[PDB]
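Notes follow the structure.
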Amino acid sequence: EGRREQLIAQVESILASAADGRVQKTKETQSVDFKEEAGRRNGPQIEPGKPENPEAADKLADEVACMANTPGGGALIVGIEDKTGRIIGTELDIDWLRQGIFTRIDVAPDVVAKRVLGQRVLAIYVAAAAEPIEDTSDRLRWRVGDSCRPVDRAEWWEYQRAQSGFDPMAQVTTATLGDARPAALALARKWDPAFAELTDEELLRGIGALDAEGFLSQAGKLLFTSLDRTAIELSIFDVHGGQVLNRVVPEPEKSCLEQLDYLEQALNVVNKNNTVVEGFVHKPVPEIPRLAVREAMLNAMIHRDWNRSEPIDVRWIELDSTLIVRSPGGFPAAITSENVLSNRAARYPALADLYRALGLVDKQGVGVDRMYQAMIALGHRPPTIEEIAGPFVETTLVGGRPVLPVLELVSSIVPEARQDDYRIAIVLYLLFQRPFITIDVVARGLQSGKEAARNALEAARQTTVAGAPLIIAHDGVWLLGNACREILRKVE
Ligand SMILES: [Cl-]
Ligand SMILES: [Cl-]
Ligand SMILES: [Cl-]
Ligand SMILES: [Co+2]
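Numbers in UniProt numbering are just positions in the sequence shown, counted from 1, shifted up by 8.
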């Protein structure tokens, strides 16, 4: 965009004033954000910078969210003391920092190195977000003066609508508070105890659905107002191959929230749920992890085409314990079947944010990732999500009885907190297939850069099962430790 050029220019300017160990601003370049790599100040003397620094990554990621959240975005110069303008510098690795910020904030800003008085500095260019970006502490604030204060979704959106890109699902409609069904509102309340203390009006407005004139946005209308049509429906089969045993189609006068619930409800029943025994300790386990299902559901309900008529077609196969979710629309010109687990930009950012506001979905990648994890963790195969001729996007979850050996293999992970960890899940999975694993394979697996790969591998190298690490190094590759191999030999 033309904004970027303006921003890069401003930075060049600030840097050109370099003299006497510090830099200065001017009315034109007053908004540039001067930041100093945190965790290096000792008072009298400042420590040398390293290529990696998680503490600094945290603070910086939080700052990027301020920026991206304020309209027009802005630029940051890491390595310049705030207010004074004294050059400090930073040796943070670009790729590391980019990937690091992206992992905790959900955005990968353009960062470029620069050299002032011989010192190195990072120029970070962050663009305006199409939806609020919550920081590491789940806060939503934007740049004001040189500092940045917090803002509610209500204000954030009216401003986004006004001076920002076009979010179709955020546009104003003719729907008013009187169009919101009490049933839908009731649902929102039983799903988030926070709203409990406020009225229907201040609720819808709190989540950014309700205008200031009293109008609902397109995402607000779609969620709390009947869309006089089926949004999603279920068809229970006996076996992948036809012969419909039964179908549950929600009434068109229901809002998406109502329709979503109606499907979830009936789905909870179809998901039979059988009993597994471990050391005579018997526990009820559904054919497919509840989370995995609801995750797949909300996912379609949020990234659906919504402009198409045909409802999200969700079918359940009895004898195979598998659930298929076909959604109208296809991967946007950019995303591919092998570039989804990394994608973060939703079709309808406005709609996505509204679901977040209601507390019905996680940041984003967390969703699909927790889904994958939940599958792998029970020894099932990862949920496959490919594009079907239509356009259509179907997600397939194949479940059934859990595989005991795998359960215990995971049950024996240490630290305990690493059991439900997505990284060790992917890593262990790649090794369930391949004999050896390389940093490249781990990468293509997580569908992420080489940084995430190194990270996952490391965490797995430090994980322990039966007093031995998960993976072990040999030659120039990595491979499952005999500890696990012995547990997995008892499969089939
Ligand atoms: Cl369920
Ligand atoms: Cl949108
Ligand atoms: Cl919204
Ligand atoms: Co600053």
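Beta carbons: idealized from backbone N, C-alpha and C, even for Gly.
- CA-CA distance, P56 to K91, rounds to 21 Å.
- Inclusion of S329 and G408 in the CB contact set at 8 Å is warranted, their separation being smaller than that value.
- Note that the C-beta distance between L185 and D208 is below 8 Å.
- The DSSP assignment places 41 to 43, 82 to 86, 118 to 123, 128 to 134, 149 to 151 and 156 to 158 as complete runs of the beta strand (DSSP E) inside the UniProt domain "Schlafen AlbA-2" (36 to 159), in order along the chain (cut-off: 3 residues).
- The DSSP assignment places 479 to 482 and 485 to 488 as complete runs of the beta strand (DSSP E) inside the UniProt domain "DUF5635" (412 to 497), in order along the chain (cut-off: 3 residues).
- Nearest neighbour of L212 by Cα position, chosen from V278, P258 and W165, turns out to be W165.
- With 16 or more other Cβ atoms inside 10 Å of its own Cβ, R431 counts as buried.
- Distance from the C-beta of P140 to the nearest heavy atom of ligand 2 is not below 7 Å.
- For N254, the enclosing beta strand (DSSP E) covers residues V252 to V256.
- For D41, the Cβ falls inside the 7 Å cut-off from some heavy atom of ligand 4.
- Residue range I320 to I325 is occupied by the beta strand (DSSP E) that includes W324.
- Nearest C-alpha to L496 among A397, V473 and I85: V473.
- Of the heavy atoms belonging to ligand 3, none sits nearer than 7 Å to the Cβ of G408.
- Annotation: the region 198 to 283 contains the following complete segments of the beta strand (DSSP E) (minimum length 3 residues), in chain order: 223 to 225, 240 to 245 and 252 to 256.
- For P62, the CB contacts under 8 Å within the same chain, skipping 5 residues up- and downstream, are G108 in chain order.
- The DSSP assignment places complete beta strand (DSSP E) segments of no fewer than 3 residues inside the region 316 to 390 at 320 to 325 and 330 to 336, in order along the chain.
- Not one heavy atom of ligand 3 falls within 7 Å of the beta-carbon of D118.
- Burial state of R106 is buried, judged by a 10 Å Cβ sphere holding 16 or more other Cβ atoms.
- By the neighbour-count criterion, in which a residue is buried when 16 or more other Cβ atoms sit within 10 angstroms of its Cβ, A385 is buried.
- Leaving aside the five residues that flank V180 on each side, the residues in its chain whose CB is nearer than 7 Å to its CB run, in chain order, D219, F223 and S225.
- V180 carries a strand assignment under DSSP once its states are collapsed to helix, strand and coil.
- At least one heavy atom of ligand 3 sits closer than 7 Å to the Cβ of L362.
- About 6 Å separates the beta carbons of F232 and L193, which is inside the 8 Å limit, making them a contact pair.
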